[PDB]
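This report refers to the structure that appears directly beneath it.
Cβ: placed from backbone, ideal geometry, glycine included. Neighbour counts: every protein chain shown. Just so it is clear, none of the values below were taken in a lab; they were calculated from the coordinates.
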């Protein structure tokens with residue numbers, strides 16, 4: 001692959017967080033487990 | 001002793017029964033040159049003797065040196081040779097070495113040169129003992145600075161054929177690796193064992209972009225006594241992309257033991273938008 | 001996200017002021033040199 | 001140069017030069033470099 005570098009400005013480049021999930025699923029006729037863990041940050045507004 | 005130069009010649013003979021000694025020297029001075037010759041001959045028996053030829057020639061801007069010796073003993077032989085051409089701004093070394101005994105003969109080839117401030121080396125070693133050969137090849141272009149290397153070892157036998165080919169260049173900026181190993185074991189001691197070997201490693205290294213491909217194919221069957229046919233199959237591929245733009249990697253460990261097979265699909269992901277991995281374990285187990 | 005802080009622009013305007021002053025000083029020096037051309041130096045050297 | 005020298009412009013020029021240098025290093029050809037060295041040594045030999 002070719003090299004990629006975002007440009008550098010006098011400002012600060014901090015990408016905002018998206019959302020985090022933990023998809024887990026277990027397939028066995030003895031027991032089936034399909035629990036899930038999900039979490040994210042409020043991106044409705046910068047102040048909140 | 002004269003104004004032209006020194007002359008020295010010493011000849012000692014000796015003979016009795018079977019052991020006969022014939023030794024002579026040749027030492028003269030001609031202006032700025034030396035003509036050396038010591039013909040040393042030690043004949044003890046017909047197949048049991050020794051020879052030595054030491055001859056030195058001195059001249060400006062050059063060197064002549066001849067070194068050949070002979071040695072035998074009935075069923076045993078050992079011979080060697082050497083060429084030394086040392087000259088300004090260059091180098092030229094060659095010769096021969098060979099040791100043979102009855103059936104098993106070992107032959108070696110060597111030659112050392114240097115020109116344009118670049119070293120040159122090449123070695124060949126051929127071993128043939130009890131019908132088992134050993135073809136190990138080392139290629140030339142061995143200089144030291146931005147040079148290359150290439151090794152070729154070949155093993156052939158009635159129970160194992162081995163073959164590996166390696167080729168790599170240690171360039172200052174880029175870097176390459178070529179590994180290709182193939183083997184096949186044929187063992188019959190207490191059951192049949194097919195030691196089949198499949199190996200391949202490749203790698204390309206360069207600044208801010210690293211990558212590598214490894215593929216392995218290990219399958220070996222064990223046909224023992226009392227229908228103990230054991231099939232061992234281990235197949236994995238190693239791959240990952242290493243660059244600041246993106247980081248990732250894939251690894252598929254595929255193995256099986258007779259009726260019990262396991263697979264794992266291991267993949268790594270790391271980009272500026274997301275990062276994470278995936279797990280998938282499939283197990284097939286028998287019994288109760 | 002582009003995080004920006006007032007110290008960034010404070011430094012930027014200080015740097016702008018400094019560059020303006022240095023350009024002014026350089027122009028002053030260049031004008032002073034062009035005022036006394038090399039011919040005057042040559043004539044003074046010959047007189048000495 | 002002083003008038004054109006700005007923090008944003010200077011960092012942009014630095015990023016440009018590093019990017020082009022990395023691009024040249026990635027596409028760095030051994031035989032091209034060897035021929036370039038041969039050409040330069042021959043040029044120096046002819047000059048001397």
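Dividing the helix sum by the residues of the protein assembly as shown, where each DSSP H run of 4 or more adds -39500 (n - 2.57), gives a mean residue ellipticity at 222 nm of -6000 deg cm²/dmol. Among B:110, B:216, B:61, the largest mean-square fluctuation in a Gaussian network model of chain B, built with springs joining Cα atoms closer than 10 Å, belongs to B:61.
Here the label points at residue B:28 and residue B:175, each 7 Å from Cα along the C-beta direction, are separated by 6.0 nm in the simple model. Taking a point 7 Å out from the Cα of residue B:39 in the direction of its Cβ, the residues of region B:71-85 whose backbone N falls within less than 18 Å of it are B:71. Mean per-residue shielding of peptide B:178-188 is 0, counting Cβ atoms of other chains within 10 Å of each Cβ.
Fully extending the segment from residue B:81 to residue B:211, taken as 0.36 nm per residue of separation minus the present Cα-Cα distance, adds 42.1 nm.
Using the Cβ-Cβ distance between residue B:13 and residue B:119 with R0 = 56 Å, the FRET efficiency computed as 1/(1 + (r/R0)^6) comes to roughly 0.80.
For chain C versus region B:175-234, the inter-centroid distance based on Cα atoms is 72 Å.
In this rough spin-label picture, where each label sits 7 Å from Cα along the Cβ direction, the residue C:8-residue B:139 distance is 5.4 nm. Once the C-beta distance of residue A:13 and residue C:46 is scaled by a Förster radius of 56 Å, the resulting FRET efficiency is 0.35 to the nearest 0.05.
Which of B:202, B:67, B:189 moves the most in a Gaussian network model of chain B with Cα springs under 10 Å? Sorting by GNM fluctuation, first place goes to B:189. A Förster radius of 35 Å, combined with the Cβ-Cβ distance separating residue D:24 from residue C:15, puts the computed FRET efficiency at roughly 0.65. Across peptide B:163-172, the mean count of Cβ atoms from other chains lying within 10 Å of each residue's own Cβ comes to 1.
Which residue, B:125, B:53, B:271, tops the fluctuation ranking in a GNM of chain B built on C-alpha contacts under 10 Å? Looking only at B:125, B:53, B:271, the largest GNM fluctuation is found for B:271. Once the Cα-Cα distance is subtracted from the 0.36 nm per residue extended length, the residue B:189 to residue B:238 segment shows a gain of 14.3 nm.
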